[PDB]
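Structure file work00.pdb with PDB, C-alpha atoms:
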```
ATOM      1  CA  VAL O 297       0.534 -15.287  -2.056
ATOM      2  CA  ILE O 298      -0.450 -11.990  -0.436
ATOM      3  CA  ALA O 299       2.311 -10.354   1.572
ATOM      4  CA  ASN O 300       4.090  -7.114   2.471
ATOM      5  CA  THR O 301       2.028  -4.828   0.287
ATOM      6  CA  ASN O 302      -1.312  -6.560  -0.118
ATOM      7  CA  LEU O 303      -1.261  -7.479   3.568
ATOM      8  CA  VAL O 304      -1.709  -3.936   4.852
ATOM      9  CA  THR O 305      -4.490  -3.203   2.371
ATOM     10  CA  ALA O 306      -6.288  -6.516   2.886
ATOM     11  CA  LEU O 307      -6.294  -5.751   6.602
ATOM     12  CA  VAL O 308      -7.030  -2.037   6.952
ATOM     13  CA  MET O 309      -9.360  -1.715   3.939
ATOM     14  CA  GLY O 310     -10.407  -5.110   2.623
ATOM     15  CA  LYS O 311      -9.355  -5.610  -0.999
ATOM     16  CA  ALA O 312      -6.155  -6.694  -2.722
ATOM     17  CA  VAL O 313      -4.716  -6.934  -6.224
ATOM     18  CA  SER O 314      -2.238  -9.470  -7.536
ATOM     19  CA  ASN O 315       0.486  -7.336  -9.105
ATOM     20  CA  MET O 316       0.335  -4.657  -6.425
ATOM     21  CA  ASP O 317       4.121  -4.554  -6.157
ATOM     22  CA  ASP O 318       4.660  -3.916  -9.865
ATOM     23  CA  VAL O 319       1.896  -1.307  -9.771
ATOM     24  CA  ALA O 320       3.678   0.425  -6.900
ATOM     25  CA  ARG O 321       7.113   0.324  -8.512
ATOM     26  CA  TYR O 322       5.756   1.749 -11.760
ATOM     27  CA  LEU O 323       3.566   4.371 -10.090
ATOM     28  CA  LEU O 324       5.887   5.865  -7.488
ATOM     29  CA  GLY O 325       9.450   6.173  -8.731
ATOM     30  CA  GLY O 326      11.458   4.619  -5.922
ATOM     31  CA  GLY O 337      12.006 -26.676 -14.682
ATOM     32  CA  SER O 338      10.636 -29.309 -17.048
ATOM     33  CA  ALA O 339      10.176 -33.065 -17.275
ATOM     34  CA  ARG O 340       9.396 -35.721 -19.872
ATOM     35  CA  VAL O 341       6.232 -37.832 -19.871
ATOM     36  CA  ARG O 342       4.451 -40.399 -22.025
ATOM     37  CA  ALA O 343       1.486 -39.051 -23.986
ATOM     38  CA  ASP O 344       0.083 -39.036 -27.531
ATOM     39  CA  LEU O 345       0.371 -36.053 -29.874
TER      40      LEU O 345
ATOM     41  CA  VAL S 297      -1.348  15.008   1.534
ATOM     42  CA  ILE S 298      -1.840  11.624  -0.092
ATOM     43  CA  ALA S 299       1.520  10.347  -1.284
ATOM     44  CA  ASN S 300       3.621   7.216  -1.860
ATOM     45  CA  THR S 301       1.379   4.829  -0.052
ATOM     46  CA  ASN S 302      -2.105   6.323  -0.214
ATOM     47  CA  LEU S 303      -1.360   7.396  -3.781
ATOM     48  CA  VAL S 304      -1.239   3.868  -5.176
ATOM     49  CA  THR S 305      -4.115   2.852  -2.916
ATOM     50  CA  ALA S 306      -6.427   5.658  -4.014
ATOM     51  CA  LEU S 307      -5.550   5.161  -7.662
ATOM     52  CA  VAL S 308      -6.011   1.388  -7.934
ATOM     53  CA  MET S 309      -8.265   0.476  -4.994
ATOM     54  CA  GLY S 310     -10.605   3.417  -4.518
ATOM     55  CA  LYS S 311      -9.971   4.071  -0.832
ATOM     56  CA  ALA S 312      -7.355   5.873   1.232
ATOM     57  CA  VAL S 313      -6.607   6.085   4.945
ATOM     58  CA  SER S 314      -5.061   8.911   6.942
ATOM     59  CA  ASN S 315      -2.128   7.448   8.895
ATOM     60  CA  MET S 316      -1.226   4.800   6.344
ATOM     61  CA  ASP S 317       2.512   5.271   6.839
ATOM     62  CA  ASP S 318       2.348   4.376  10.531
ATOM     63  CA  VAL S 319       0.125   1.311  10.212
ATOM     64  CA  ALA S 320       2.263   0.106   7.309
ATOM     65  CA  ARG S 321       5.496   0.599   9.256
ATOM     66  CA  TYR S 322       3.823  -1.265  12.117
ATOM     67  CA  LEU S 323       2.405  -4.367  10.422
ATOM     68  CA  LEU S 324       5.633  -5.229   8.638
ATOM     69  CA  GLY S 325       8.727  -4.444  10.672
ATOM     70  CA  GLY S 326      10.004  -1.848   8.217
ATOM     71  CA  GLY S 337       6.613  27.906  17.241
ATOM     72  CA  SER S 338       3.890  30.398  18.125
ATOM     73  CA  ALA S 339       3.177  34.123  18.414
ATOM     74  CA  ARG S 340       1.445  36.567  20.754
ATOM     75  CA  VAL S 341      -1.916  38.281  20.232
ATOM     76  CA  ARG S 342      -4.353  40.028  22.549
ATOM     77  CA  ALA S 343      -7.592  38.500  23.828
ATOM     78  CA  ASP S 344      -9.790  38.409  26.933
ATOM     79  CA  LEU S 345      -9.144  35.362  29.111
TER      80      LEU S 345
END
```

Render the structure in this file as C-alpha cells.
Amino acid sequence: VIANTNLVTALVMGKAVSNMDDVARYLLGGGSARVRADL
Amino acid sequence: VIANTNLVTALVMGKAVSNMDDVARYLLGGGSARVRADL
C-alpha cells in the first residue's frame, strides 16, 4: 500500500517506490496452516 | 536548500519541488538599512 510518504510524491510528482520509508530512515538520520498435498 | 524531504526525493526519484515541506505538512495532517537614491 502507498501511504504517508509515497502519497505526497505520487501526487505532486508522479512516481513512487516501495521501500521509500526505509530509504528515508537510512538516508536522513532522524501464521501457518496444514494442508493435504504430495511431496 | 534541498534537505530532509527533497533530499531523498532528488536522490532516489530524480525530481525535487520547492515548497515540499508545506505540501507534505498539508496532505498528511502532520531588518533593513538606509541608502541614497533618486525617487

Inset, instruction - Please provide as a list in words all residues within 7 Å of region 323-344 of chain O, with the sequence filter that same-chain residues fewer than 2 positions apart are discarded (counting all atoms listed in the file). - result: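 The residues satisfying every condition are residues 319, 320 and 321 of chain O; 300 and 304 of chain S.
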
Inset, instruction - Excluding residue 308 (chain S) and any residue of its chain fewer than 3 positions from it, enumerate the residues within 9 Å of it, using only C-alpha atoms, and give them as a list in words. - result: residues 313, 316 and 319 of chain O; 303, 304, 305 and 311 of chain S

Legend entry - Between CA of residue 317 (chain O) and CA of residue 314 (chain S), distance in Å (one decimal):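 It comes out at 20.9 Å.
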
Legend entry - Point-to-point distance from CA of residue 302 (chain S) to CA of residue 322 (chain S), Å rounded to tenths: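 CA of residue 322 (chain S) lies 15.6 Å from CA of residue 302 (chain S).
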
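Reported to one decimal place, the separation of CA of residue 315 (chain O) from CA of residue 298 (chain O) is 9.9 Å.
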